[PDB]
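# Remarks on the overall topology
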Amino acid sequence: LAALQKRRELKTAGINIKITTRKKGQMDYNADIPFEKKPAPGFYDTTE
Amino acid sequence: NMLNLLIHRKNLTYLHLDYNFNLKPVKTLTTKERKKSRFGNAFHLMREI
Amino acid sequence: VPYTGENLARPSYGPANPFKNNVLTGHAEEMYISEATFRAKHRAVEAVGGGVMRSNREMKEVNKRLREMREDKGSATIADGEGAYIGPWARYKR
Amino acid sequence: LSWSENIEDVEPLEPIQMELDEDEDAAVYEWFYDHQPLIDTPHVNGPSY
Amino acid sequence: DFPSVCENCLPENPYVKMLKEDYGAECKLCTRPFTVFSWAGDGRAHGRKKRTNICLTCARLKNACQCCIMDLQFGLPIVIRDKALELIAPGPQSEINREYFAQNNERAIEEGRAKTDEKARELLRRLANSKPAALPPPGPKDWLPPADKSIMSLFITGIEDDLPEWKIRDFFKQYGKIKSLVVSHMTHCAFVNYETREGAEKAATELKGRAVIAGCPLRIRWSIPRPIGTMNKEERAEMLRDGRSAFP
Amino acid sequence: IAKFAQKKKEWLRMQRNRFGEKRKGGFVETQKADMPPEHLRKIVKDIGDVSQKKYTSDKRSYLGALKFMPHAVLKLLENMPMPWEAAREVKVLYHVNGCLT
Amino acid sequence: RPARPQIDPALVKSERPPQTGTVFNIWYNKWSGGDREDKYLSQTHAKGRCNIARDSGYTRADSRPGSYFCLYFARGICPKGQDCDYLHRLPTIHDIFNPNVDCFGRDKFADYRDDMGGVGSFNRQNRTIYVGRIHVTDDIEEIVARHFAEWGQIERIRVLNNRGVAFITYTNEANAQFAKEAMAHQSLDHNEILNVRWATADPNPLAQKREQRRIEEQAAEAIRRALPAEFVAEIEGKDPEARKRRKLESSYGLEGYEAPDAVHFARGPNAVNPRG
Amino acid sequence: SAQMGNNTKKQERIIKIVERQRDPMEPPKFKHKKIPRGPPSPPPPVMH
Amino acid sequence: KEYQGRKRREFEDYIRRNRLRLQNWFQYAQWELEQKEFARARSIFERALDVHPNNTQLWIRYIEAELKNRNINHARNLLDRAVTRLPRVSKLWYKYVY
Amino acid sequence: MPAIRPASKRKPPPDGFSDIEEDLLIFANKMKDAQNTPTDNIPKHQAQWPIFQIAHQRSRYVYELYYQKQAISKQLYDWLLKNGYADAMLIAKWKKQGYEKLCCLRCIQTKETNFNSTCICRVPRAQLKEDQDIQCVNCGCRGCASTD
RNA sequence: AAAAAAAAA
Ligand SMILES: [Zn+2]
Ligand SMILES: [Zn+2]
Ligand SMILES: [Zn+2]
Ligand SMILES: [Zn+2]
Ligand SMILES: [Zn+2]
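Residues numbered from 1 in each chain as written, not as in the entry; some residues may be left out. Chains lettered and ligands numbered in written order. Part of a larger assembly, values for the part shown. Heavy atoms only, no water.

As recorded in the PDB header, cryo-EM is the method behind this entry, and the stated resolution is 3.5 Å.

## Re the overall build of chain J
For chain J, the count of helices and strands is 4 helices and 0 strands. The principal-axis extents of the C-alpha atoms in chain J amount to approximately 55 × 40 × 25 Å. Looking at chain J residue by residue over its 148 residues, the buried ones come to 44%. Taking contacts inside chain J between residues at least 6 apart in sequence as the whole, the part at least 24 apart equals 52%. When the accessible surface of chain J is split by element, carbon and sulfur atoms take 51% of a total near 7300 Å². Side chains of chain J give 22 positive and 16 negative charges; the mean places of these two sets differ by 7 Å. (Helix = DSSP H or I, 4+ residues; strand = E, 2+ residues; numbered from the N terminus. Buried < 20%, exposed > 50% of the residue type's maximum accessible area, 1.4 Å probe, protein only. Contact = heavy atoms within 4.5 Å. Areas by Shrake-Rupley, 256 points an atom, 1.4 Å probe, with all protein chains shown as cover. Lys, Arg positive; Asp, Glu negative; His and termini not counted. Charge placed at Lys NZ, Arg CZ, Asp CG, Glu CD.)

## Side note on the coordination of the zinc ion (ligand 3)
Residue and element names in this part refer to chain J. Only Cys103 (SG), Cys121 (SG), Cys141 (SG) and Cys144 (SG) from the protein coordinate the zinc ion (ligand 3), and they sit 2.3 Å from it. Considering all 4 donor atoms around the zinc ion (ligand 3), angles at the metal cover 96 to 121° and the coordination shape is tetrahedral. Between the donor residues of the zinc ion (ligand 3), the gaps in sequence give the motif C-x17-C-x19-C-x2-C. Separating the zinc ion (ligand 3) and the zinc ion (ligand 4) is a distance of 3.8 Å, and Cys103 donates to both of them. (Donors = N, O, S within 2.8 Å, 3.2 Å for Na, K, Ca; no water. Tetrahedral: all angles 85-135°; square planar, octahedral: opposite > 155°, others 65-115°.)

## What about the coordination of the zinc ion (ligand 1)?
In the first shell of the zinc ion (ligand 1), the protein supplies E:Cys27 (SG), E:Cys30 (SG), E:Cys55 (SG) and E:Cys58 (SG), at 2.3 Å from the metal. Relative to the metal, the 4 donor atoms surrounding the zinc ion (ligand 1) lie at angles of 106 to 112°, and the coordination shape comes out tetrahedral.

## Quick notes on the packing of helix α6 (residues 229-236) of chain G against helix α7 (residues 240-249) of chain G
All names here are of chain G. Across the interface, α6 lies against α7 with an axial gap of 7 Å and an inter-helix angle of 105°. Comparing their axes, α7 and α6 come out roughly perpendicular. Residues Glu230, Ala233 and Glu234 of α6 lie in contact with α7, whose contacting residues are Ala242, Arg245, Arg246 and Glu249. For the contact of α6 with α7, the per-class residue count stands at 2 nonpolar, no polar and 5 charged. (Axes fitted to C-alpha atoms, helices over the stretch in contact; angles between N-to-C directions. Parallel < 35°, antiparallel > 145°, perpendicular 65-115°, else oblique. Nonpolar A, V, L, I, M, F, W, Y, C, P; charged D, E, K, R; others polar.)

## Focus on the sheet that holds strand β1 (residues 15-26) of chain E
The strand order across the open sheet built from 3 strands is β2(E)-β1(E)-β1(H), with neighbouring strands paired in mixed fashion. If you trace the sheet from one side to the other, it starts and ends with β2 (33-39) of chain E together with β1 (14-19) of chain H, each paired once. Neighbour-to-neighbour, the strand axes of the sheet open up by a mean angle of 30°, direction not taken into account. Pairing of β1(E) with β1(H), which is carried by 6 bridges, proceeds in the parallel orientation. Within the sheet, the bridge partner assigned to E:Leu19 lies in β1(H) and is H:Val18. On the sheet, helix α1 (residues 35-46) of chain C packs against β1 of chain E together with β1 of chain H and is oriented at approximately 105° with respect to β1(E). (Pairing = 2+ DSSP bridges.)

## Notes on the arrangement of the chains
The interface with the most contacts, out of 23 pairs of chains in contact, is the one formed by chains E and G. Across the gap from chain B to chain D, with no contact made, the nearest C-alpha atoms are 11 Å apart. Note that chain D does not reach chain H: the shortest distance linking a C-alpha of one to a C-alpha of the other is 25 Å.

## Digging into the packing of aromatic side chains
Given two aromatic rings, their pairing is described by the distance between the two centres and the angle made by the two planes. All names here are of chain J. Inspection of the entire model under this criterion finds 29 aromatic pairs over all chains. Ring geometry for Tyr63 versus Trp94: centroids 5.7 Å apart, planes at 35°, classification tilted. With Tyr63 in helix α2 (residues 49-67) and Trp94 in helix α4 (residues 88-94), the pair connects residues that are 31 residues apart, well separated along the chain. Of the residues examined, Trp94 reaches a relative accessible area of 1% and is grouped as buried. The interplanar angle of 85° and the centroid separation of 5.9 Å between the aromatic rings of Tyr67 and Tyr77 together place this pair among those described as edge-to-face. Taken together, the residues span a long stretch of sequence, with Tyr67 in helix α2 and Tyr77 in helix α3 (residues 74-82) at a distance of 10 residues. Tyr67 sits in the partly exposed class, given a relative accessible area of 31%. (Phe/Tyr/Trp six-rings, centres within 6.5 Å; stacked < 30°, edge-to-face > 60°.)

## Let's talk about the sheet that holds strand β4 (residues 178-184) of chain E
All names here are of chain E. Here 5 strands make up an open sheet; going across it, the order is β4-β5-β3-β7-β6 and the pairing antiparallel. Here the strands that pair on one side only, and so sit at the sheet edges, are β4 and β6 (210-213). Neighbour to neighbour, the strand axes of the sheet diverge by 25° on average, direction disregarded. The sheet contact formed by β4 and strand β5 (residues 189-194) spans 6 bridges and is antiparallel. For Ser184, the partnering residue across the bridge sits in β5 and is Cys189. Contacting β3 (153-157), β5 and β7 (216-223), helix α7 (residues 233-245) crosses the sheet at an angle of about 100° to β7.

Have a look at this one:
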């Protein structure tokens, strides 16, 4: 909460710095769907 | 030069290997430095040979 | 055997689809040929002046002329200085 | 030590050799302390020794 | 046991000499070690040995040449293909997900289990029918040289997004040596500064406040240069129709 | 017969370049020879201790030749000069990076 | 004219970097020891600037088609000139390279870095470079325009003077990379060290829309080159002659048929079409 | 087969593939990686 | 995005710690549904089905999670797959007829 | 023996050795200077090039003095070959036909190239492209075919 | 005729 408050106070101050959230040995689950397993197609179209 | 490259590849540059093949730390080691630096019987047997 | 020559010499009936390789880009099957044949065809397509056959003597004077285009190789009995040996390492007049 | 700057042209010292008698040891006098003795003679099969 | 390489890449000679190395490099896409096939070139000037760069799994799934990594059908860079023809195969690109996806695809293909031109035609149909008080004309005051010699910027109004900068620079370099040219596309404004004031004067006399560049009508005036801020879109359309009014 | 003269030359050349008793394998094969000692001298002088960035391609191999260094120690100490020899010369097989002798 | 060597060979060699540490790691070739935070804030000015007007010229690669450019010419540090194995000249709009490589003959990665710098990525067609660390003045647009018209052929030159950061969108991959590696830590009029990275995609919906439209027009250009012009005209549906040609050709008698696209617009060895 | 554009000079090709003379002293080129196990082959019906 | 990164990291950590507890998969998929991330929710349910293929509760949860969001064609594919996988489970057949 | 003996274990060299040992000493000093050349300027592999040059030159020198003009005796020539004053295998290649201008032995070792070939320097000009800057990676020569 | 055994912004 303290870091979030400081971040929103500095973002509205004009300055914008992104910080490295990419620790080694761990995965970024937001870059793409982790270990994607798409649903199998059945007899019904699902495009729409 | 082979043993020197092995030492420097493991980022153990705080160990000096001299030209008579003695491995000595250049400074006082932390616990993590000592744990990472402990070499094996292959390195040490080759170094004494 | 799948008969002799009658079923090898006939077309399959019906029209084709109005709508088999193995590689994506094309088809490739292994083969055995003599390495000398491959070297001969590679040297034919690779070497400049390919084809355009010439007899031996004109090859002799074109090689002599290209030798004159190169600088002098040297005397090779002089160790150091002017007239020394350079041999194959002689540069080219361009 | 580099070979070129330190040992390449330096004349070596006298090795440990025994004063062979010329008359008594005349059979081995001319070849006793060669590196591979009798290598260019009909006493061996050839340079493979 | 044979690369999928287009004729653009296989050098010239139908008789080609090719080297093979097992686990010779990591795939540039899926980062897994694969068999590298490296051949020669059409010149013995740099022995680069143009080689494969992606594995046959990544070659087959994204359907591209192994060396140059462009499409086998159309010859597009593969992102251009997957973004314009759309869908087909996004493909994960992260750290562990990348080798996970490649591992599962290779495991499926080894175990047996498994319409581009149709989407090309549909792309053609999306693109064929696609579509992205007036000011007086420029008189004598807009191009007459004033008493001040520091007035150097040529203010040009009416430059659209369809107008590239190189046509402007090539059309103005015949008048003189251009010191600079800056164009604000969000404002549709242009400042042209010449290294020679004489060349700017010749351009002013030649163009006389009006220009037709690539079907684009532009109005040219003399002004002191200014920086351009976050200018409004309504005044942008005002300035556009002023540039249109330069050509009656 | 002058019409069939290029044919004779190309047929004889093809037959020799395929069945000649020097090309039993497609290429003229020789016996591997001895380099000058100064080649190895220059290589070992150039690489030094491997501290220049020029030899970054030679580092993996050099550290990998660590595996065969025991065997080099054996051959070196085996071929040592005896007390009656002021010097001895030995044939060495050396790696062209200078990694192993 | 022949290519001019820029620096004498006596200045450039393979020297060890400055001693920013206590012991030199000879595997990684880096000065280990000491602080690690000081290296992260240690940018330096370049050791020379190239100018194409007085230094470009003929070399061995100019006579060789299908060559690569000289990266050490772009930084103005190539010390041999005419006898360099790579090109010494600005790329044109016809100097098109494959996606696997950049214009300098270096392998081109699948994703960018943390600091968005280096060679590039073949996972995104990027003609736009970020040019930051610009001293704030009133005429930033003029100096950026001249110093980037020096290095090729521009399409967009967004500049934000309020904090002084520029976005320069060229027209070619080769010109973009040449401008990126030519101005790397190169000086402006003020004595500063520029930060020329690759540029992250703009969130401006217009820029996204026009970059998309560039992608579909490039794909359309390649498809129209690949397909027969008769097929392109007959599918295009703007010429009434093309429409009635389409009806009559994809009738084959049997009025009111209008054959499917998978059969009418089919290319094959036998096919049912004029083909080509 | 057909390709990106058209054909130019010759179609059929003769290719000589030889293994590359690798340095005997080189260690393995690439570090091995820890990847989670893939999904199973699709399960069968439960025929109870 | 940062909050979703935290929640995804925590949920995937607990998936990796105990993959046989169904509550981890259920809470992760429910949370991703509440974020209106439908592809991710489908992925989580499909991976849970990889770990627990013959679980009737998981099948019903994934069918109902796709029925509450009006994905009728998706849910009918799911029901065909469910009564194909588990032909002798009366609840799945009842749910499909209902 | 080609090794080094102290002072009195050295046998005398054969007759006529002074008039040629002047030039032999020139070649030895040239080889030492080639050992001492900077390598920071030229590429990495080109640093090996001068050695072979001098080696060829040294060998070729001895070759002429025994074969074209008979200026040294067979005792002196065989002594020169045995104590490493001239490459014996290179001269043995030079005496054969089609190999009279051979740069070095590594440029005909077809078992150490990728596709089992000699180097490109062993190819005549008339089949190589005009104005081609050929310079071999082994020794750095530009052409070794006997025609050239 | 070494290890246990001397701690994670
Ligand atoms: Zn791959
Ligand atoms: Zn290709
Ligand atoms: Zn040669
Ligand atoms: Zn050679
Ligand atoms: Zn050669």
